[PDB]
Amino acid sequence: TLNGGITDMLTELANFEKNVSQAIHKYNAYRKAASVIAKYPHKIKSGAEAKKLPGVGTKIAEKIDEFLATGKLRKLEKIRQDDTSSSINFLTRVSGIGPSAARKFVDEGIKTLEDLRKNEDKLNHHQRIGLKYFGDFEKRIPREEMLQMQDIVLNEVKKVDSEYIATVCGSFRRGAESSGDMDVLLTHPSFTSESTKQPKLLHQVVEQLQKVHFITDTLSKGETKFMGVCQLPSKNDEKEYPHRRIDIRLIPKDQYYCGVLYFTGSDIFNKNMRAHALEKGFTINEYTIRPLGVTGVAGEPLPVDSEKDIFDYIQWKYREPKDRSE
DNA sequence: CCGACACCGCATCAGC
DNA sequence: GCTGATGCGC
DNA sequence: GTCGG
Ligand SMILES: O=c1ccn([C@H]2C[C@H](O)[C@@H](COP(=O)(O)NP(=O)(O)OP(=O)(O)O)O2)c(=O)[nH]1
Ligand SMILES: [Cl-]
Ligand SMILES: [Cl-]
Ligand SMILES: [Cl-]
Ligand SMILES: [Cl-]
Ligand SMILES: [Mg+2]
Ligand SMILES: [Mg+2]
Ligand code: NA
Ligand code: NA
């Protein structure tokens with residue numbers, strides 16, 4: 001974190017634009033700048049120097065000059081003192097409470113943890129769980145704990161059916177020493193892009209994990225995507241581990257590489273790679289990579305047999321997972 | 001100047 | 001119920 | 001807020 005000060009500033013700005021301004025593009029603009037600056041191998045000495053990086057424009061260059069000279073940014077100093085912005089930024093920290101619901105709760109006089117807790121009845125299911133585990137969800141997950149969780153998940157999966165293949169992706173697959181959550185990509189020979197020869201494929205797994213008390217709560221659940229809560233078991237007299245967020249994504253086995261590519265991220269890396277794909281005349285999603293015919297309409301899926309093939313299609317040299325943390 | 005900005009599953013609600 | 005818009009987290 | 005045509 002050579003430029004931690006600047007990147008934090010940019011991230012706060014991005015959060016403000018998303019949560020308060022509800023200006024998604026400025027949000028992504030600030031996040032891109034923060035990312036490009038985060039990988040810059042030099043301690044930035046001026047805005048001009050920063051403005052040379054792609055994604056850093058004139059406005060951010062000036063803010064960087066202000067921050068470098070004063071150690072702060074007036075724009076953020078004001079934002080922080082604004083009660084409405086503070087309330088909204090706080091509420092959005094609760095899983096399930098987005099920019100809209102946050103501003104809505106503020107209008108109704110619900111702007112603090114105390115308020116949320118006493119108005120549980122005004123929350124949807126997801127928001128309730130998010131509130132319940134507010135503290136825990138803010139904690140990082142040590143890779144050590146991620147290894148224990150991977151062990152439980154893969155083994156429980158094998159017990160349901162030896163043909164399931166569960167791969168932990170997200171930041172974990174990228175080599176991170178700590179993760180915000182656990183993301184599991186699941187595949188089974190019965191479910192391909194050609195047919196679903198077996199229903200409840202995801203349900204079976206969720207069920208087994210709850211049965212052994214690994215999964216404790218459910219934020220949302222469908223045929224191919226599960227979003228919930230899990231907790232490592234603790235030993236006798238040992239204090240309980242914090243509850244953790246867990247995402248499970250069931251993907252057609254023949255589309256594993258596009259799925260593993262997507263679920264490995266980062267989200268910014270995917271945004272960059274997907275944008276570059278478009279510029280190269282292709283469209284990439286978690287299922288396939290297809291060409292972009294003149295009409296702008298996507299064509300038929302191109303053959304893929306490894307993550308590298310996807311990279312080849314867009315003329316990008318392969319990048320190992322640990323090098324996709326943008 | 002200015003249109004484009006990655007792409008999608010599940011939850012919830014309004015209209016028919 | 002079916003469908004489409006919108007929110008929220010991927 | 002930034003960038004490409
Ligand atoms: O907007 C998004 C979010 C996530 N993703 C993909 C990439 C990301 O790595 C993966 C899992 O999402 P998480 O929110 O779990 N992020 P990640 O695992 O990278 O980091 P973290 O340690 O915070 O969970 O889903 C996107 O493509 N777009
Ligand atoms: Cl500041
Ligand atoms: Cl694939
Ligand atoms: Cl597709
Ligand atoms: Cl996902
Ligand atoms: Mg993750
Ligand atoms: Mg996740
Ligand atoms: Na730039
Ligand atoms: Na939130």
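In what follows, every heavy atom counts, from backbone to side chain, and hydrogens, waters and symmetry copies are set aside. In what follows, chains carry the letters A, B, and so on, assigned in the order in which the sequence lines appear, proteins first and then strands, with residues in each chain numbered from 1.
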- So, for A:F134 and A:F90, is the gap between ring centers shorter than 6.0 Å?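 Centroid separation for A:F134 and A:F90: below 6.0 Å.
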Nearest listed nucleotide, side chain of A:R245, among C:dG9, B:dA6, B:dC7 =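 The nucleotide sitting nearest to the side chain is C:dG9.
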query = From B:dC7, C:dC8, D:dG1, pick the nucleotide closest to the side chain of A:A101?
reply =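 Between B:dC7, C:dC8, D:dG1, the one nearest the side chain of A:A101 would be C:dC8.
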Has the side chain of [X] got a donor or acceptor atom that lies under 3.5 Å from a matching backbone atom of [Y]?
X: A:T92; Y: A:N89; answer: yes
X: A:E66; Y: A:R74; answer: yes
X: A:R140; Y: A:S178; answer: yes
X: A:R103; Y: A:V20; answer: yes
X: A:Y313; Y: A:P291; answer: no

Please give the distance between the P atoms of D:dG1 and B:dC7 as a whole number of Å.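 About 24 Å, rounded to a whole number of Å.
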Report each atom pair, protein N/O against N/O of nucleotides 8-11 of chain B, whose distance is under 3.5 angstrom.
residue: B:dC8; atom: OP1; partner: A:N285; partner atom: ND2; Å: 3.3
residue: B:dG9; atom: OP1; partner: A:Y287; partner atom: OH; Å: 2.6
residue: B:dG9; atom: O3'; partner: A:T224; partner atom: OG1; Å: 3.3
residue: B:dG9; atom: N3; partner: A:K225; partner atom: NZ; Å: 2.8
residue: B:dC10; atom: OP1; partner: A:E223; partner atom: N; Å: 3.1
residue: B:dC10; atom: OP1; partner: A:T224; partner atom: N; Å: 2.9
residue: B:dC10; atom: OP1; partner: A:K225; partner atom: N; Å: 3.0
residue: B:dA11; atom: OP1; partner: A:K221; partner atom: N; Å: 3.0
residue: B:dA11; atom: OP1; partner: A:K221; partner atom: O; Å: 3.3

Would you classify [X] as touching base, sugar-phosphate or nothing, given that sugar-phosphate means primed atoms plus P, OP1 and OP2, and contacts are heavy atoms under 4.0 Å?
X: A:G96; value: sugar-phosphate
X: A:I97; value: sugar-phosphate
X: A:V94; value: sugar-phosphate

Let me know the distance between [atom1] of [X] and [atom2] of [N], rounded to the nearest Å.
X: A:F263; N: B:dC7; atom1: CZ; atom2: P; answer: 18 Å
X: A:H276; N: B:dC7; atom1: NE2; atom2: P; answer: 14 Å
X: A:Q22; N: C:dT6; atom1: CD; atom2: P; answer: 13 Å
X: A:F105; N: C:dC8; atom1: CZ; atom2: P; answer: 9 Å
X: A:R31; N: B:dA6; atom1: CZ; atom2: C1'; answer: 11 Å
X: A:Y27; N: C:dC10; atom1: OH; atom2: P; answer: 11 Å
X: A:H25; N: B:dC7; atom1: NE2; atom2: P; answer: 13 Å
X: A:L278; N: B:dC7; atom1: CG; atom2: P; answer: 4 Å

Could you tell me whether [X] and [Y] make a salt bridge, using a distance below 4.0 angstrom between a side-chain N and a carboxylate O?
X: A:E17; Y: A:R31; result: no
X: A:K104; Y: A:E108; result: yes
X: A:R245; Y: A:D247; result: yes

When you compare the side chain of A:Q150 with that of A:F172, does any pair of heavy atoms fall below 4.5 Å?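 Side-chain contact under 4.5 Å: yes.
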Between the protein and nucleotides 2-5 of chain D, which nitrogen or oxygen pairs are less than 3.5 angstrom apart?
residue: D:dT2; atom: OP1; partner: A:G57; partner atom: N; Å: 2.8
residue: D:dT2; atom: OP1; partner: A:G57; partner atom: O; Å: 3.3
residue: D:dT2; atom: OP1; partner: A:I60; partner atom: N; Å: 3.0
residue: D:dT2; atom: OP2; partner: A:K59; partner atom: N; Å: 3.3
residue: D:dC3; atom: OP1; partner: A:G55; partner atom: N; Å: 2.8

*Give a yes/no verdict on base stacking between C:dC8 and A:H126: centres under 5.5 Å, planes within less than 30° of parallel.*
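It does not: the ring fails the test against the base of C:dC8.
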